[PDB]
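First up is the structure itself, then whatever we jot down about it.
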Amino acid sequence: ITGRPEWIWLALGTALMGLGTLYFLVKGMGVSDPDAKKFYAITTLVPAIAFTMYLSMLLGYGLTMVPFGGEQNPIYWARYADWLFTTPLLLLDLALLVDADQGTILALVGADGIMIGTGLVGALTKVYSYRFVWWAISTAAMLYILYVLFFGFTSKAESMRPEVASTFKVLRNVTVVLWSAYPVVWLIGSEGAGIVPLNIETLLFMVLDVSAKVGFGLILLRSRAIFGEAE
Amino acid sequence: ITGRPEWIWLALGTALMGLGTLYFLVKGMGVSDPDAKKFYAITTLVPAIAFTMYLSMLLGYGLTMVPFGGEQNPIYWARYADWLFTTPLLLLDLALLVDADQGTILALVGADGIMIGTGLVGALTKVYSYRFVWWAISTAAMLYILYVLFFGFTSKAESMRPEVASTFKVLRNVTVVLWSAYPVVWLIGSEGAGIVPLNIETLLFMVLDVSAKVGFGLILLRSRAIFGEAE
Amino acid sequence: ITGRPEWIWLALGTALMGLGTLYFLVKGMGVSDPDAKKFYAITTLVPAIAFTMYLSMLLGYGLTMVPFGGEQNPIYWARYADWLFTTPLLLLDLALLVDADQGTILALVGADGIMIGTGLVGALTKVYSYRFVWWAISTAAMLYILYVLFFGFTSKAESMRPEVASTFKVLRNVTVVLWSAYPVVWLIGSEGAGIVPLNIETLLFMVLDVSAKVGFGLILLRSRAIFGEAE
Ligand SMILES: CC(C)CCC[C@@H](C)CCC[C@@H](C)CCC[C@@H](C)CCOC[C@@H](CO)OCC[C@H](C)CCC[C@H](C)CCC[C@H](C)CCCC(C)C
Ligand SMILES: CC(C)CCC[C@@H](C)CCC[C@@H](C)CCC[C@@H](C)CCOC[C@@H](CO)OCC[C@H](C)CCC[C@H](C)CCC[C@H](C)CCCC(C)C
Ligand SMILES: CC(C)CCC[C@@H](C)CCC[C@@H](C)CCC[C@@H](C)CCOC[C@@H](CO)OCC[C@H](C)CCC[C@H](C)CCC[C@H](C)CCCC(C)C
Ligand SMILES: *C/C=C(C)/C=C/C=C(C)/C=C/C1=C(C)CCCC1(C)C
Ligand SMILES: *C/C=C(C)/C=C/C=C(C)/C=C/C1=C(C)CCCC1(C)C
Ligand SMILES: *C/C=C(C)/C=C/C=C(C)/C=C/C1=C(C)CCCC1(C)C
Ligand SMILES: CCCCCCCCCCCCCCC
Ligand SMILES: CCCCCCCCCCCCCCC
Ligand SMILES: CCCCCCCCCCCCCCC
Ligand SMILES: CCCCCCCCCCCCCC
Ligand SMILES: CCCCCCCCCCCCCC
Ligand SMILES: CCCCCCCCCCCCCC
Ligand SMILES: CCCCCCCCCCCCC
Ligand SMILES: CCCCCCCCCCCCC
Ligand SMILES: CCCCCCCCCCCCC
Ligand SMILES: CCCCCCCCCCC
Ligand SMILES: CCCCCCCCCCC
Ligand SMILES: CCCCCCCCCCC
Ligand SMILES: CCCCCCCCCCC
Ligand SMILES: CCCCCCCCCC
Ligand SMILES: CCCCCCCCCC
Ligand SMILES: CCCCCCCCCC
Ligand SMILES: CCCCCCCCC
Ligand SMILES: CCCCCCCCC
Ligand SMILES: CCCCCCCCC
Ligand SMILES: CCCCCCCC
Ligand SMILES: CCCCCCCC
Ligand SMILES: CCCCCCCC
Ligand SMILES: CCCCCCCC
Ligand SMILES: CCCCCCCC
Ligand SMILES: CCCCCCCC
Ligand SMILES: CCCCCCCC
Ligand SMILES: CCCCCCCC
Ligand SMILES: CCCCCCCC
């Protein structure tokens, strides 16, 4: 395990996701409100899935070698397995907060699936120049998602409770900033142009992942917006 | 890319799915009705997914070699990745049109999953005679789906709005004819008996795919059946 | 096929799932009640999926070799493909019976996904001692599911119809006993410590699978709890 310099960040990531999972699990024990239960379920599952995939990367299972540029390049494929399930759960948290219509939710989840799926294909593609074609398609799917979060959701939040409108606005802003960093790190890291070494890349993704999951969850689950308006 | 004679049909397929995706995306921009949004979301996602998988076939990612009959046989596995997601979306379009009950929708999607999954296993099976066992099981799942579309849905459409009944009937008929061709092409093509060469097989699937997705979508999204009855 | 001593149990399993599938399919033909249709759909799909995966194991497709302990160890990976889809369907049968809230259903299905997914990783892991780390995480996800079935569902059933409360209690008890055997068989069988040989392991899983699917389904589909209260 320690044979890879990036192991320290995989281990820290595993620990922080594990701790985040346990914290949300305990916190949600005292919850009976049916609406709050939905948000706790979604939000606890996110770091639990990430915990398993960080562990698989730490132990070496979630790593494969991909030939491109005349080299055997270490590619952590387990990231995409994580993201396939956790990024639509994160979007679902946002969509339920603002009572999004079903068509909009399906558009978001579908675009998200395309985003992660094409990122996976790009990560595993052996023809170097083609990796960036997949990156571009994935990034276009991301831009669609960000567009919807701003010009379909923000003006939906404003007709809702003030506490859900303010909580949505904060989580929207956190999401757009954090999620936009992922394609940049991929592009300059070992999957793309290879300018930033894998150990630093792994650190960067770990900070983004913990912030986008445990950070996000801490903000959401401390808000009164997750509860039905009750006396 | 041009090293494979079937590349021209993969390229045309990619282009037509891409163009179809953009057309539906633009067309749905001016839509606020919650019901119509569902149909636009579902129907736009279908060629978008197909676009990505056609591209993966064009660039060579979605192709693998399978030993059977003492030969290395080129198998485009990306078709099944496409179909796994797009065929239940197509069925969902039909089921929502007639306000199908939840049990029926689950039966359809489940049978569809079995249909595509067993087709994938058959496509990748190395014992030649066993490929046709999987083809038979998949075809039985197809026949179940077609049965339900006729003797569970058609008589559901008739108690609904005339515009939804007439639109459903047309899309049902398009679906049954087009979908029934797929097992025949598989059986006589490079996956099955090998009587029709891969380049012609690829052409045939491209025509079926564009018709079943973009053709289907053009009929559906031009109907007033996708809108709630409103003043 | 007969080259593997466990083939007889794979063949019997295939037959019993096939027969169970046909029986439930015929039985549900005379059903119009929308609630009952949901239970028939879910419950018929379960042995149908299991039938396909038992067949893939019989024909040899669903088997791979995994190096650990200095040996090439036969691992039937198709079990996890089965279980990935059938265990959440089984939980859905239980959850719908007691009209579980959406948050609880998502927690169950999510924990179940983690349970099966980590079992799959453990089954395919090449570092022997690490296989048991994945077994432990999977078992913890199982224990969460069993906890919810007892201390979240049982007291939900009691405020419902007596026929649904009594049917739920029986199916809950069947589920907890049968499902708890699976991690034990894995641990002592060819995936784990290797004390019980593969042919006996295969027998054990076949008895558990038929009981947990066809047995379970026979109890559920003969109950009046699956019908809406109607005059
Ligand atoms: C509604 C939304 C969910 C829409 C989803 C959007 C989605 C369509 C976007 C594209 C997803 C698609 C790229 C998934 C591809 C998975 C694939 C990378 C798995 C690895 O297999 C690739 C090659 C080795 O590089 O296998 C070597 C050759 C092997 C023989 C491969 C044969 C097995 C195939 C992988 C079977 C395909 C199954 C499905 C792709 C399962 C989806 C997995 C998940 C990653 C989407
Ligand atoms: C409700 C509905 C959705 C019901 C669904 C119906 C469904 C059950 C029908 C059968 C689906 C099943 C056949 C999927 C099999 C996928 C498999 C072909 C992927 C390729 O792996 C096959 C071999 C190489 O040929 O791998 C070589 C050996 C490798 C070590 C394989 C180990 C990895 C396994 C593939 C893990 C299994 C994961 C699940 C099958 C994911 C499902 C993918 C999708 C195609 C259904
Ligand atoms: C809401 C709930 C559903 C939550 C779900 C919980 C879930 C997160 C729990 C963990 C699931 C995760 C372990 C699935 C891993 C599948 C993996 C074993 C498939 C086989 O690939 C493993 C190695 C060979 O051993 O591939 C060799 C290297 C290859 C290059 C691998 C590259 C292809 C990757 C497999 C692509 C990943 C796609 C997704 C994992 C699809 C999920 C399949 C299913 C088994 C969950
Ligand atoms: C918890 C994990 C999260 C929130 C991950 C988010 C990841 C993305 C938004 C990834 C986006 C990518 C692209 C837009 C193109 C390049 C490849 C990706 C997959 C890194
Ligand atoms: C957009 C793509 C569509 C609508 C594809 C539909 C495909 C089918 C109905 C495929 C059916 C098959 C069988 C019935 C058995 C042989 C294998 C298949 C998968 C080709
Ligand atoms: C129809 C099949 C059923 C109901 C299978 C149930 C399987 C399980 C509950 C498996 C559990 C496992 C663990 C808890 C850890 C070890 C690995 C598994 C996957 C066997
Ligand atoms: C969105 C953030 C992307 C920028 C990442 C900056 C990383 C700087 C680290 C120094 C680069 C290491 C190069 C020498 C090894
Ligand atoms: C459902 C349509 C299946 C029939 C396809 C007919 C294809 C005819 C093309 C000629 C066959 C090529 C054989 C000589 C290369
Ligand atoms: C939950 C049941 C696990 C116990 C399984 C008992 C199997 C006993 C069979 C005898 C073991 C075979 C060892 C000699 C080959
Ligand atoms: C490819 C995996 C996509 C599914 C991820 C799980 C999250 C799905 C959330 C469903 C949202 C509800 C839509 C109506
Ligand atoms: C194996 C992939 C199956 C899921 C495909 C995505 C479409 C699912 C549509 C869900 C229909 C709603 C059922 C209640
Ligand atoms: C990884 C596969 C998980 C999906 C299995 C299919 C069963 C899903 C049942 C959905 C229950 C409804 C939740 C709201
Ligand atoms: C186009 C929608 C406006 C809100 C999205 C902001 C786009 C940020 C760009 C992210 C950088 C990705 C490379
Ligand atoms: C049995 C349901 C009647 C409607 C379905 C028509 C079946 C068409 C056969 C398709 C050919 C597949 C090989
Ligand atoms: C902790 C919840 C109480 C009900 C679950 C009973 C646990 C049975 C243990 C199963 C054995 C697995 C190794
Ligand atoms: C070796 C790099 C070749 C450049 C490929 C860039 C493609 C980016 C596509 C953006 C439309
Ligand atoms: C080499 C071909 C052997 C014939 C197999 C046909 C099987 C079809 C099954 C239909 C019930
Ligand atoms: C070779 C076996 C080494 C023992 C591993 C047991 C790990 C079990 C983890 C339970 C917390
Ligand atoms: C990680 C295993 C958890 C099993 C005990 C249940 C913890 C309490 C959860 C309350 C919903
Ligand atoms: C509760 C702490 C969980 C941390 C387990 C994984 C950390 C890796 C240590 C090497
Ligand atoms: C908008 C046109 C999209 C076409 C891109 C793929 C066509 C392949 C050209 C070689
Ligand atoms: C209807 C009987 C189904 C049995 C088919 C599979 C049994 C395997 C026989 C070798
Ligand atoms: C993006 C950083 C999130 C910070 C989380 C802090 C949570 C405290 C309530
Ligand atoms: C099956 C062929 C469909 C033809 C689509 C034409 C759409 C015009 C409205
Ligand atoms: C766990 C054993 C189940 C027994 C099923 C018998 C069904 C008869 C109604
Ligand atoms: C990591 C366990 C958290 C302890 C409880 C925190 C207050 C709910
Ligand atoms: C008003 C919300 C500001 C949140 C910005 C957080 C940036 C990481
Ligand atoms: C809305 C601001 C987006 C900031 C992008 C930051 C990418 C590192
Ligand atoms: C391909 C872009 C379509 C242009 C608009 C068509 C009329 C909505
Ligand atoms: C009355 C609907 C006829 C549609 C037939 C289309 C055949 C491709
Ligand atoms: C309902 C008519 C089906 C026609 C099947 C055509 C197959 C090529
Ligand atoms: C296996 C076929 C079952 C025959 C009908 C049983 C009574 C519904
Ligand atoms: C009162 C229900 C008892 C069911 C026990 C079944 C054990 C296999
Ligand atoms: C509730 C009793 C569980 C019995 C476990 C049996 C495991 C073989």
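Labels used: A, B, ... for chains in the order of the structure tokens, numbers from 1 for residues in each chain, and numbers from 1 for ligands as shown.
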
If we count only C-alpha atoms and set the cut-off at 9 Å, which residues sit around residue B:183, ignoring sequence neighbours fewer than 4 positions away in its own chain? Please answer as a tab-separated table (two decimals) with C-alpha atoms, in the first residue's frame.
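To be explicit, this is the file written out as selection-v3.tsv:
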chain	number	residue	atom	x	y	z
B	135	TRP	CA	-30.91	-15.19	-28.21
B	138	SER	CA	-33.94	-12.52	-24.98
B	139	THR	CA	-36.52	-12.96	-27.74
B	179	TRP	CA	-38.05	-3.50	-32.45
B	187	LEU	CA	-29.43	-13.74	-35.80
B	188	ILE	CA	-28.32	-13.41	-39.43

Could I have chain C as a CSV table (one decimal) with C-alpha atoms, in the first residue's frame after it is superimposed on chain A by least squares, pairing all C-alpha atoms in sequence order?
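So part.csv came out as:
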chain,number,residue,atom,x,y,z
C,1,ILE,CA,0.0,0.0,0.0
C,2,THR,CA,2.7,2.5,1.1
C,3,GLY,CA,4.5,1.7,-2.2
C,4,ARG,CA,2.5,4.5,-3.9
C,5,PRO,CA,3.3,8.0,-2.8
C,6,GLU,CA,-0.4,9.0,-3.1
C,7,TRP,CA,-1.4,6.4,-0.4
C,8,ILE,CA,-1.5,9.0,2.3
C,9,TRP,CA,-4.2,11.0,0.7
C,10,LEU,CA,-6.3,7.9,-0.1
C,11,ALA,CA,-6.0,6.9,3.6
C,12,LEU,CA,-7.0,10.4,4.8
C,13,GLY,CA,-9.9,10.4,2.3
C,14,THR,CA,-11.0,7.0,3.5
C,15,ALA,CA,-10.9,8.1,7.1
C,16,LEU,CA,-12.8,11.4,6.6
C,17,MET,CA,-15.5,9.7,4.5
C,18,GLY,CA,-15.8,7.0,7.2
C,19,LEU,CA,-16.1,9.5,10.0
C,20,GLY,CA,-18.5,11.7,8.0
C,21,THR,CA,-20.7,8.6,7.3
C,22,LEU,CA,-20.8,7.7,11.0
C,23,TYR,CA,-21.6,11.3,12.1
C,24,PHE,CA,-24.5,11.6,9.7
C,25,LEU,CA,-25.8,8.1,10.7
C,26,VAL,CA,-25.8,9.0,14.4
C,27,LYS,CA,-27.3,12.5,13.7
C,28,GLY,CA,-30.2,11.0,11.8
C,29,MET,CA,-31.2,8.5,14.5
C,30,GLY,CA,-33.4,11.1,16.2
C,31,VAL,CA,-35.5,11.8,13.1
C,32,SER,CA,-39.1,10.9,12.5
C,33,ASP,CA,-40.2,13.6,10.0
C,34,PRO,CA,-40.8,11.9,6.6
C,35,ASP,CA,-39.2,14.8,4.7
C,36,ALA,CA,-36.1,14.9,6.8
C,37,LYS,CA,-35.7,11.2,6.6
C,38,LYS,CA,-35.3,11.5,2.8
C,39,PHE,CA,-32.5,14.1,3.1
C,40,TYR,CA,-30.7,12.1,5.8
C,41,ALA,CA,-31.0,8.9,3.7
C,42,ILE,CA,-29.6,10.5,0.6
C,43,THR,CA,-26.9,12.5,2.4
C,44,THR,CA,-25.6,9.6,4.5
C,45,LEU,CA,-25.4,7.3,1.5
C,46,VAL,CA,-23.1,9.7,-0.3
C,47,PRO,CA,-20.0,9.4,2.0
C,48,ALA,CA,-20.8,5.8,2.7
C,49,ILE,CA,-20.4,5.0,-1.1
C,50,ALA,CA,-17.3,7.2,-1.3
C,51,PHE,CA,-15.8,5.5,1.8
C,52,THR,CA,-16.0,2.1,0.0
C,53,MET,CA,-14.4,3.4,-3.2
C,54,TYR,CA,-11.6,5.3,-1.4
C,55,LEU,CA,-10.9,2.1,0.5
C,56,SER,CA,-10.7,0.1,-2.8
C,57,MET,CA,-8.2,2.7,-4.1
C,58,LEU,CA,-6.1,2.5,-0.9
C,59,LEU,CA,-6.0,-1.3,-1.1
C,60,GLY,CA,-5.2,-1.2,-4.8
C,61,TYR,CA,-8.3,-2.8,-6.2
C,62,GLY,CA,-9.6,0.4,-7.7
C,63,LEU,CA,-6.5,1.0,-9.9
C,64,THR,CA,-5.7,-0.1,-13.4
C,65,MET,CA,-3.0,0.5,-15.9
C,66,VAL,CA,-3.8,2.2,-19.2
C,67,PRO,CA,-1.4,2.4,-22.1
C,68,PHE,CA,-1.2,5.8,-23.7
C,69,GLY,CA,1.7,8.1,-24.6
C,70,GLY,CA,3.9,5.0,-24.8
C,71,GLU,CA,3.6,4.5,-21.1
C,72,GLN,CA,1.7,2.4,-18.6
C,73,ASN,CA,-0.4,5.1,-16.8
C,74,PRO,CA,-2.0,4.4,-13.4
C,75,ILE,CA,-5.7,5.2,-13.6
C,76,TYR,CA,-7.9,5.0,-10.6
C,77,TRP,CA,-11.2,3.8,-12.1
C,78,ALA,CA,-12.9,3.5,-8.8
C,79,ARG,CA,-13.5,7.3,-8.8
C,80,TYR,CA,-16.0,6.9,-11.6
C,81,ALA,CA,-17.8,4.0,-9.8
C,82,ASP,CA,-18.1,6.4,-6.8
C,83,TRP,CA,-19.2,9.4,-8.8
C,84,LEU,CA,-21.7,7.4,-10.9
C,85,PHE,CA,-23.8,6.9,-7.8
C,86,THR,CA,-22.9,9.9,-5.5
C,87,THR,CA,-23.3,12.7,-8.0
C,88,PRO,CA,-26.9,12.0,-8.9
C,89,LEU,CA,-27.6,11.6,-5.1
C,90,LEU,CA,-26.1,15.0,-4.5
C,91,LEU,CA,-28.3,16.5,-7.4
C,92,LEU,CA,-31.3,14.7,-5.9
C,93,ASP,CA,-30.7,16.5,-2.5
C,94,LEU,CA,-30.8,19.8,-4.4
C,95,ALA,CA,-33.8,18.9,-6.5
C,96,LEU,CA,-35.9,17.8,-3.6
C,97,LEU,CA,-35.0,20.9,-1.6
C,98,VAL,CA,-36.8,23.0,-4.3
C,99,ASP,CA,-39.5,20.5,-5.2
C,100,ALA,CA,-38.3,20.1,-8.7
C,101,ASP,CA,-40.7,18.6,-11.3
C,102,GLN,CA,-40.0,15.0,-12.4
C,103,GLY,CA,-39.0,15.9,-15.9
C,104,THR,CA,-36.3,18.3,-14.6
C,105,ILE,CA,-35.0,15.6,-12.2
C,106,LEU,CA,-34.7,13.1,-15.0
C,107,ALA,CA,-32.9,15.6,-17.2
C,108,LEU,CA,-30.4,16.3,-14.4
C,109,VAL,CA,-29.8,12.6,-13.5
C,110,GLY,CA,-29.5,11.7,-17.2
C,111,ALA,CA,-27.1,14.5,-18.0
C,112,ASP,CA,-25.1,13.5,-14.9
C,113,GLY,CA,-24.9,9.9,-16.0
C,114,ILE,CA,-23.6,11.0,-19.4
C,115,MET,CA,-21.1,13.3,-17.7
C,116,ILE,CA,-19.6,10.5,-15.5
C,117,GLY,CA,-19.9,7.8,-18.2
C,118,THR,CA,-18.1,9.7,-20.8
C,119,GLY,CA,-15.4,10.7,-18.2
C,120,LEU,CA,-14.9,7.0,-17.6
C,121,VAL,CA,-14.5,6.3,-21.3
C,122,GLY,CA,-12.0,9.1,-21.6
C,123,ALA,CA,-10.1,7.9,-18.6
C,124,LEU,CA,-9.7,4.4,-20.2
C,125,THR,CA,-9.2,5.5,-23.8
C,126,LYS,CA,-5.8,4.4,-25.3
C,127,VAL,CA,-5.6,6.9,-28.2
C,128,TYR,CA,-4.3,10.0,-26.4
C,129,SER,CA,-5.9,12.7,-28.6
C,130,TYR,CA,-9.3,10.9,-28.2
C,131,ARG,CA,-9.2,11.2,-24.4
C,132,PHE,CA,-9.8,14.9,-24.8
C,133,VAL,CA,-12.8,14.4,-27.1
C,134,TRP,CA,-14.5,12.5,-24.3
C,135,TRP,CA,-13.4,15.2,-21.8
C,136,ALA,CA,-15.2,17.8,-24.0
C,137,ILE,CA,-18.4,15.9,-24.2
C,138,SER,CA,-18.4,15.3,-20.5
C,139,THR,CA,-17.8,19.0,-19.8
C,140,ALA,CA,-20.7,19.9,-22.1
C,141,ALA,CA,-22.9,17.7,-20.0
C,142,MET,CA,-21.6,19.4,-16.8
C,143,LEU,CA,-22.4,22.8,-18.3
C,144,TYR,CA,-25.9,21.7,-19.0
C,145,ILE,CA,-26.3,20.6,-15.3
C,146,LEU,CA,-24.9,23.9,-14.1
C,147,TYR,CA,-27.2,25.8,-16.4
C,148,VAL,CA,-30.2,24.0,-15.0
C,149,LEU,CA,-29.1,24.6,-11.4
C,150,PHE,CA,-29.1,28.4,-12.1
C,151,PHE,CA,-31.8,29.1,-14.7
C,152,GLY,CA,-34.3,26.4,-13.7
C,153,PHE,CA,-33.8,25.9,-10.0
C,154,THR,CA,-32.8,29.3,-8.5
C,155,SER,CA,-36.1,30.9,-9.6
C,156,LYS,CA,-37.9,27.9,-8.3
C,157,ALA,CA,-36.4,28.3,-4.8
C,158,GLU,CA,-37.6,31.9,-4.6
C,159,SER,CA,-41.3,30.9,-4.6
C,160,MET,CA,-40.6,28.4,-1.8
C,161,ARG,CA,-40.0,28.9,2.0
C,162,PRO,CA,-37.3,31.4,2.8
C,163,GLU,CA,-35.3,28.8,4.7
C,164,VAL,CA,-35.3,26.5,1.7
C,165,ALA,CA,-34.5,29.4,-0.6
C,166,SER,CA,-31.5,30.5,1.4
C,167,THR,CA,-30.2,26.9,2.0
C,168,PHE,CA,-30.6,26.1,-1.7
C,169,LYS,CA,-28.7,29.2,-2.7
C,170,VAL,CA,-25.8,28.3,-0.5
C,171,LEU,CA,-25.6,24.7,-1.6
C,172,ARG,CA,-26.0,25.7,-5.2
C,173,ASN,CA,-23.0,28.0,-4.9
C,174,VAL,CA,-20.9,25.4,-3.1
C,175,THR,CA,-21.8,22.9,-5.8
C,176,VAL,CA,-21.1,25.0,-8.8
C,177,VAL,CA,-17.7,26.1,-7.6
C,178,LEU,CA,-16.5,22.7,-6.3
C,179,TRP,CA,-17.9,20.7,-9.3
C,180,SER,CA,-16.3,23.0,-11.8
C,181,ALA,CA,-12.8,22.2,-10.4
C,182,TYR,CA,-13.1,18.5,-11.3
C,183,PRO,CA,-12.7,18.8,-15.1
C,184,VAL,CA,-9.7,21.1,-14.6
C,185,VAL,CA,-7.9,18.7,-12.3
C,186,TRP,CA,-8.6,15.8,-14.7
C,187,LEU,CA,-7.3,17.9,-17.7
C,188,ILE,CA,-4.0,18.9,-16.0
C,189,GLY,CA,-3.5,15.7,-14.1
C,190,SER,CA,-2.4,12.1,-14.9
C,191,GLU,CA,-5.6,11.4,-16.9
C,192,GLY,CA,-5.0,14.4,-19.2
C,193,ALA,CA,-2.0,16.5,-20.0
C,194,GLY,CA,0.1,15.0,-17.1
C,195,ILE,CA,1.4,18.4,-15.9
C,196,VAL,CA,0.5,17.8,-12.3
C,197,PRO,CA,1.8,14.5,-10.8
C,198,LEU,CA,-0.6,11.8,-9.5
C,199,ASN,CA,0.2,12.3,-5.8
C,200,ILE,CA,-0.8,16.0,-6.0
C,201,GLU,CA,-3.8,15.2,-8.2
C,202,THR,CA,-5.0,12.7,-5.6
C,203,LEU,CA,-4.7,15.3,-2.9
C,204,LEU,CA,-6.7,17.8,-4.9
C,205,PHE,CA,-9.5,15.3,-5.6
C,206,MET,CA,-9.6,14.3,-1.9
C,207,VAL,CA,-10.1,17.9,-0.8
C,208,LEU,CA,-12.8,18.4,-3.4
C,209,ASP,CA,-14.5,15.1,-2.6
C,210,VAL,CA,-14.6,15.7,1.2
C,211,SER,CA,-15.8,19.3,0.7
C,212,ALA,CA,-18.5,18.3,-1.9
C,213,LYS,CA,-19.8,15.4,0.2
C,214,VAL,CA,-19.1,15.9,3.9
C,215,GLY,CA,-19.0,19.7,3.7
C,216,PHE,CA,-22.2,19.9,1.6
C,217,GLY,CA,-23.9,17.4,4.0
C,218,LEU,CA,-22.9,19.4,7.1
C,219,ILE,CA,-24.6,22.5,5.6
C,220,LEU,CA,-27.7,20.7,4.5
C,221,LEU,CA,-28.4,18.6,7.6
C,222,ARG,CA,-28.0,21.6,9.9
C,223,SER,CA,-30.7,23.5,8.1
C,224,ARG,CA,-34.4,23.6,9.1
C,225,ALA,CA,-35.2,23.5,5.4
C,226,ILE,CA,-35.1,19.7,5.4
C,227,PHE,CA,-38.1,19.5,7.8
C,228,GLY,CA,-41.7,19.9,6.7
C,229,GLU,CA,-43.3,23.1,8.0
C,230,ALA,CA,-44.9,21.8,11.2
C,231,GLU,CA,-46.2,23.2,14.4

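Atom 1 (C, counted along the ligand's line) of ligand 31 is positioned 15.6 Å from atom 4 (C, counted along the ligand's line) of ligand 8.
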
Practice task
Could you please write out, as a VMD selection string, every residue of stretch 58-230 of chain B that DSSP assigns to strand (DSSP E or B)?
Solution key: chain B and resid 63 to 68 71 to 76

Handout entry: All helix (DSSP H, G or I) residues (DSSP, backbone) inside stretch 25-223 of chain A, as a VMD selection string
Key = chain A and resid 25 to 27 34 to 59 78 to 97 102 to 124 128 to 151 154 to 157 162 to 188 198 to 221

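Our summary of the geometry notes that atom 12 (C, counted along the ligand's line) of ligand 14 is positioned 16.9 Å from atom 6 (C, counted along the ligand's line) of ligand 30.
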
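Of note, atom 3 (C, counted along the ligand's line) of ligand 28 and atom 9 (C, counted along the ligand's line) of ligand 13 are spaced 5.9 Å apart.
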